[PDB]
């Protein structure tokens, strides 16, 4: 089987790198194409920032939020890795759409928190997950503490299958308006943080958009979509590799991309 090669090659990577690799690839109706440790819990890390943006776009779609509404803040909003937030600090605000674009494309933590403040915290993010049929994914904390990733801790976790299905719902399942869906897809394609991760392992002619994540305890994640042979797919990759370097974890997720490629093209 090509399915067996996919399984075997991922398990080889796991043994060779002392890693656990969660993958779920689903079609646009959320039907399973391939997986590995599908229903296993992993820390979301910054991968939730994509669903957060989707939540914000739904609020705009539903007329409970305005894209250009100015969200004011002072220096307390600045936390580790807040590159855009720090730039806009002097001006005293970012807009909803500015913060969202920074959350998704730069993984900006301060911008993420700025939005969380506005939409009702981790509890509202979780509510959104439930609202779109995701009974698994949960946000419990803001950044940066949500990135702790303590083994056995259910807080701030998802499974590959749950998140792949959330991605498919958001992009293909009619969760957002056509306009909002296209905007989030363009943001994901133009993401600035994923050049060395999943899309490094996909062929150059594939259309791919994604959102990365990094946590404590060696987590390196990448979730999003790709279009291959003119078919659309949603994908969630979650990896943990405590003994690898940061660059080696990027290389691992890229390798997982290569393993996906060979299955798809098989």
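Positions refer to the first chain, counted from 1.
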Q.
On mean Cα temperature factor in this entry, is 19 to 27 or 244 to 252 the higher one?
A. 244 to 252
Q: Would you tell me which stretch averages the higher CA B-factor in the PDB entry, 114 to 122 or 163 to 171?
A: 114 to 122
Q) According to the deposited entry, which of 137, 101, 192, 150 has the largest Cα B-factor? A) 150
Q: Please place residue 182 in the lowest, middle or highest third of its chain by C-alpha B factor as given in the entry.
A: middle
**Q.** CA B-factor ranking of residue 209, expressed as a third of its chain
**A.** lowest
Q | Ranked against its chain, the third holding the CA B-factor of residue 176 | A | middle
Q | residue 83 - which third its CA temperature factor falls in, relative to the rest of the chain | A | lowest
Q. Against its chain's modelled residues, does residue 156's Cα B factor rank lowest, middle or highest third?
A. middle
